[PDB]
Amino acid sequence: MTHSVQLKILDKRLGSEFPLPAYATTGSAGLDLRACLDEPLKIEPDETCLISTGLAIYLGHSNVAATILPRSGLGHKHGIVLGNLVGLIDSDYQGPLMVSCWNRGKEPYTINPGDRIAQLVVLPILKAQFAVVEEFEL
């Protein structure tokens, strides 16, 4: 179902000029993360830039995590993806939420302030507990 996530706004544009992350529709899996830039950023082929989303989140439950993923169309069509490929957010992380924006493509691409550059999916996770064995059972 649903999960309450605390949000701290670090850039005053968020909620104003740049909407807070939101599900585009009722059936969307991911919330859109936007580039909180002071000017357009032209990201060169194979360049990585660390971009602020203008917020911090705190998931607050040990069996919840979030992953930052590329946008499907932008990642395919323009190669704007993530330098760390999938950004995993721990339930106890409280820092600024940053996107490692990597242009894997062969052409430069300009991201304007407020443009959607990734998405955030909140998901349930399990906590593994190991048992060391000599041979696996079952």
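In this text, residue numbers run from 1 along the sequence as written.
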Between 78 to 86 and 59 to 67, which has the larger average Cα B-factor in the PDB entry? 59 to 67
Read off the CA B-factors in the entry, average them over 93 to 101 and over 22 to 30, and name the higher stretch. 22 to 30
Of the options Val121, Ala128, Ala118, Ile125, which has the highest CA B factor as deposited? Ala128
Chain third (lowest, middle, highest) by recorded CA B-factor, residue given as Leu50: lowest
C-alpha B factor of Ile111, ranked within the chain: lowest, middle or highest third? lowest
